[PDB]
Every structure is written in C-alpha cells, then in structure tokens.
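Asks: Opening with a subset of the complex:
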Amino acid sequence: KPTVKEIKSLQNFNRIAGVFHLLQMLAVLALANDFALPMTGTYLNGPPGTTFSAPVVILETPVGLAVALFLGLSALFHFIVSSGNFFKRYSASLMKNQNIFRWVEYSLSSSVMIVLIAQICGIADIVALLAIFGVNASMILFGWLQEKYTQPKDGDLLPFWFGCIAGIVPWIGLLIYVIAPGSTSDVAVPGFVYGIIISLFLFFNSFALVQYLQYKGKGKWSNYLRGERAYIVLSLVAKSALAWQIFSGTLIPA
C-alpha cells in the first residue's frame, strides 16, 4: 500500500523533472536557430500506375519550437501531478497501479519526439509522419489499457504486447530509411543522426521494460512506486538527451 510520505516524495520528483524540462524549454526557445524540416506530398501526375509529380513541401516543422513543445508538455503534466490539489487523485490512481496523466502526456510528447527523429532521418511524406504520430500514440494508449484493465502479477500482458507491436513500427520505418534500399547517393547518414536513433531506441525500449517489470511484479518491481519513479527518471533523461542531441546537431551554428 502506497503511504503519504512515498506519494509526497514522488510528487517532489515530478516537480524536479518539471523544472529541468521547463528550463531546457526556455533555453531551446531562446538559443535555437530557425532550422526547419519539410513535410511533403508526392502526388500522382495522372491515374494510379502512371507517374508522380516531384515532391512538394506542404509545411516546415520549426524544429526548435517542436523540441520546446515536447519539453513543455513534460513540464505541464509533471507540474499538474506534483500539485497538492492533485495529491488525492494521484494517491488514488497509484493505489490502483495507474498514472493516467503520464499516458496523456506521453501520447503527445513521445509522438512529437518520434516524428522529429523520423524527419531528422529524412522521412518527409506528410502521411508517413501523421501515421508515425498515430501508431506511436497507439503504443502509449495500449500501455494505458494495460494499467486500466490488469494488475501486476495477474499473468495478463495482452495490452502491453499490442503496445510493443504498435511501438516498433516507427523504428522499422527509421531502419528502412537509414538502410535506404535503392539509394543512388553515396552520402553517409551523419554520426549525430545515428546517435539520436540508437540512444532514443534504447530509451524507448527502457519505457517498455518498466511496464513489463511492473506487471511481472517480481523482486523490487512488486512495489508499483519503483516503476512510477523509473518512468519519471526515463522521461527526464530521454527528453533531455533528445533535446540536447537535436540542439547540438541542427539548432546552433556550431
């Protein structure tokens, strides 16, 4: 049973994560250049099975603003959950092995992040980016249903496994683009792009491992609160790591 001291400590950690992300959000908004990545349409120039027009730019992702957005969403929800006003709802949810505000935040913030990673890899088709956003959101919503309908140690991981099936799809997409089957150019994928894909792939797998460990509920993971803390650590570090790598790689003259 989660005590009042334990919940209050978790609220404090949420607040700390919020301040880190809010300050990083300010730093990116202030310091970032106007680097932009295109969303494109490559339209038929006749009936299906004929030829295509050249890709056209439909809109440009303002990368600095998009990084600020996933940091800002994190700050907002970490601050909401940390509030004394929310202690009762937070306590009640943790008692039921749930944190719904976590999934609401992740469904938006992690989806912004994987779209930015896709664009940094050169994925530009607007339907590719929309469907990556949608399938990544679906991964999060499956994790939400795992918490809503199961309890740790009840032997039921079906929603979790559905989440893994949805969750892996964007990463298969990235792997296809970095392999670049049929490519004519001899240009290498930049080192900093490999850094982003590999480090954030590891972070995304870490989130899945937290839910798996929580719902297996073996050893120290029998205590749901250990997973709650792990999620805060992973969201703090994953978001800060992606923001810094995008900033360092694309948003400064250096």
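Replies: Sure, I can see it. Residues are numbered from 1 along each chain as shown, chains lettered A, B, ... in the order given.

Asks: Isn't residue A:167 up against residue A:211?
Replies: No: under the criterion of CB atoms under 8 Å, residue A:167 makes no contact with residue A:211, lying 10.6 Å away. C-betas here are computed from N, CA, C, even on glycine.

Asks: need the contact list for residue A:238.
Replies: A:113, A:200, A:203-204, A:206-207 (CB atoms under 8 Å, 6 or more residues apart in numbering).

Asks: Please read the previous query as pertaining to residue A:150.
Replies: Per CB under 8 Å, 6+ apart, neighbours of residue A:150: A:156-157, A:159, A:215.

Asks: out of these, what pair is the most spread apart?
Replies: Within the contacts of residue A:150, A:159 and A:215 form the most distant pair, 9.4 Å apart (CB to CB).

Asks: Name all residues that sit in contact with the two at the same time.
Replies: Common neighbours of residue A:159 and residue A:215, counting by CB under 8 Å, 6+ apart, are A:146, A:150.

Asks: In terms of neighbours, single out the busier of the two.
Replies: A direct count of neighbours by other CB atoms under 10 Å for residue A:159 and residue A:215 places residue A:215 higher, at 23 against 19.

Asks: how far away is that one from residue A:146?
Replies: Note on residue A:215: its distance to residue A:146, by CB to CB, to the nearest Å, is 6 Å.

Asks: Identify the contacts common to the two.
Replies: Shared contacts of residue A:215 and residue A:146 (CB under 8 Å, 6+ apart): A:157, A:160.

Asks: if we take the contacts of residue A:150, which one ends up nearest to residue A:49?
Replies: Using CB to CB, the contacts of residue A:150 come closest to residue A:49 at residue A:159, 40.2 Å.

Asks: for residue A:246, what are its contacts?
Replies: Each residue near residue A:246 by CB under 8 Å, 6+ apart is listed here: A:63, A:67, A:116, A:120, A:196.

Asks: By neighbours, which of these wins?
Replies: Neighbour max across those (other CB under 10 Å) = residue A:67, 27 neighbours.

Asks: What's the first helix or strand after the helix or strand harbouring that one?
Replies: Using DSSP states H and E, residue A:67 sits within helix A:63-82. Note on helix A:63-82: by DSSP H and E, the next helix or strand toward the C-terminus is helix A:87-95.

Asks: quick check: angle from that next one to helix A:63-82?
Replies: Put simply, helix A:87-95 runs at 90 degrees to helix A:63-82, going by axes from the mean of the first three to the mean of the last three CA atoms, to 10 degrees.

Asks: So which elements touch the helix or strand just after helix A:87-95?
Replies: Using DSSP H and E, the helix or strand that follows helix A:87-95 towards the C-terminus is helix A:100-120. Counting contacts by 3 or more CB pairs under 8 Å, 6 or more residues apart in numbering; DSSP states H and E, helix A:100-120 is packed against strand A:36-41, strand A:56-62, helix A:63-82, helix A:126-149, helix A:158-179, helix A:191-216, helix A:224-246.

Asks: Append chain B to the structure above:
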Amino acid sequence: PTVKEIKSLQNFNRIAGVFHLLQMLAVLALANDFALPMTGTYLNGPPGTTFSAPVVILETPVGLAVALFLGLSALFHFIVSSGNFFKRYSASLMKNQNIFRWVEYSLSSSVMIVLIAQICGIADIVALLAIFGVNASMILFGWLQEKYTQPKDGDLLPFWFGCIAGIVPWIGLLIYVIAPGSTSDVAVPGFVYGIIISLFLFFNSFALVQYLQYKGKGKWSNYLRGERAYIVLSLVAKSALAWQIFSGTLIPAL
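Replies: Time to bring in chain B:
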C-alpha cells in the same frame, strides 16, 4: 443464445468463406499484373538540405494483394465455421468475444487500407508501413473492448482509442486527394473516389456495430446480432473493394 442460433452463424461464416474463396480464384485467374510502387525519398545531403528523386523499393502486385485479403477472410471464416471449433467459437460468443475475427481483420483490413492508400498515390514505404500499423492498432483496440468490458457498463475507452487510431489513414487519404501545395490540379479518377467513399462508409459501419453492441440498446443487446452484422459487413466490404479495384485497374493487358 440458442445452439441453433450458433449453428446458424457457423453456416453464415461458411457462406462468407465460399464467396471470398471464389472471388479470390476469379481475381488470381483474371487480374492483369498492375502494380503500385513503394518508394524511398532519401536525403542526399545533411538533414535540412537536399533529397534524391524518389526511388521505387518494391511494387505491390495489386491482383495478388486483393487475392490476399479475400483469402485471409476465407481462411478465418472456414476456421471458425468448423465443427471442431464449434465449442471454442460458441464459448467465445457466450463471453461476447470473437478473437479470430480480430486476428483476421488486423491483417485483411490493413492490406485493404494500404491498397486504397496506394490507389490514391501514397507510395512512401514508411507511410504504407505506418498506415498498416495504425490500422492494425484500431483492430487490436476493438479486441481489447471485447476482452475487458461488458455491454451496457458505460466503458467505451478501448473503442474510442480504436476510433483515434482508425481515422488516421483516412485523414492521410483526404490529404492526398486534396493535394495541398500541388503544382497542378490533377484529377482523381471517379473510380478512386468510389473506392475511398464506399470503403470509408464500410469502415464506419464496423465501428458502429461495436458501438451499438456495447451501448447494448434495442436488438443489439443480443451479441449474436453484431456477430452476424460483422460477417455481412466483411463479406460486402471485401467483395465491394475487390470488384472496384479489379474493374478500375486489373482488366487491361499490360
């Protein structure tokens, strides 16, 4: 529900199987070798600079892909109609569940929406992969609605998640038919509009069946009515798409 009522649904599954198997044969025998490309449009400079011309990675053999969604339907309709599955089928129906329906739909409806996307000129391989994944996710949410909720309990959360995932490919189609930023106003063929509009209505009809079942008002309080509606919709939707694709693209000798 009466044993007779279930034997009846067994019979209806068999009838649907025979129609789809015969249509599968007809398409395999009669269809031309019409193919739709899956493309990669790779960076040929650092992120935020230049792209190579799109390259064709592979070609969807449209006749074989139509035969595949008809064949998947025939296979699962035959599996569930078997006297050897009558216990497992009856048992699941008794619990307001049909897992074999969702397993089939997760593959067959995903092949269908990818084909519709390609007919609309969506070609980027990540667009088509992520459309497959988000459409499969829509089906898996429908499965979780049946697994975890009871009709009339007021809980449609998995259903609404399925709607969020489910609408994403259709927003994609709408973007490609509007073709924002296009250099010219290239006409979408009438038969393509027929396919998008008819199958959008069919896809909405599937969602309405689950909604009606879990609201559980009127005759829809009887789960077997929805089981029957799903068989009718999968029979008609698949036959309608197969005929429209065949008539639109698979007739002329190439």
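
Asks: Give me the distance between the helix holding residue A:67 and the centre of its chain.
Replies: The chain centroid and the centroid of helix A:63-82 are separated by 11 Å under CA atoms, centre = their mean, to the nearest Å.

Asks: Stretch A:78-90 too?
Replies: The answer for stretch A:78-90 is 22 Å, by CA atoms, centre = their mean.

Asks: next one: stretch A:29-44
Replies: Centroid separation for stretch A:29-44 versus its chain: 19 Å, with CA atoms, centre = their mean.

Asks: Flag every residue of the stretch 151-254 of chain A that's near chain B.
Replies: Listed as neighbours of chain B in the stretch 151-254 of chain A under the rule CB under 8 Å from any CB of the partner chain: A:158-159, A:162, A:165-166, A:169-170, A:172-173, A:176-177, A:180-185, A:187, A:190, A:193, A:249-250.

Asks: ChimeraX command for the buried members of the residues you listed?
Replies: Only the buried entries of these go into this ChimeraX selection, using 16 or more other CB atoms under 10 Å in any protein chain shown:
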select /A:158,159,162,165,166,169,170,173,176,177,180,183,187,193,249,250
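
Asks: quick one on the thing from earlier: need the CA coordinates for the helix holding residue A:67. CSV is fine.
Replies: Below are the C-alpha coordinates for helix A:63-82, written out as CSV (Å, rounded to 0.1, in the frame of the first residue of the first chain):
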residue,chain,number,x,y,z
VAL,A,63,12.5,22.2,-35.0
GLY,A,64,13.3,24.5,-32.1
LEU,A,65,9.6,25.1,-31.4
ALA,A,66,8.8,21.3,-31.7
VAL,A,67,11.7,20.4,-29.2
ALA,A,68,10.3,23.2,-26.9
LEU,A,69,6.8,21.6,-27.3
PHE,A,70,7.8,18.0,-26.0
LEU,A,71,9.8,19.6,-23.1
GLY,A,72,6.8,22.0,-22.3
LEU,A,73,4.2,19.1,-22.4
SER,A,74,6.5,17.2,-19.9
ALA,A,75,6.8,20.3,-17.6
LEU,A,76,3.0,20.9,-17.8
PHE,A,77,1.9,17.3,-16.7
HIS,A,78,4.8,16.8,-14.2
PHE,A,79,3.6,20.1,-12.5
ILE,A,80,-0.1,19.0,-12.6
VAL,A,81,0.7,15.7,-10.9
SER,A,82,3.1,17.3,-8.3
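
Asks: So which other helices or strands are in contact with it?
Replies: Where contact means 3 or more CB pairs under 8 Å, 6 or more residues apart in numbering or on different chains; DSSP states H and E, helix A:63-82 is packed against helix A:4-31, helix A:100-120, helix A:224-246.

Asks: right, so the ones you listed: which one is the most enclosed?
Replies: helix A:100-120 (a mean of 22; mean count of other CB atoms under 10 Å in any protein chain shown).
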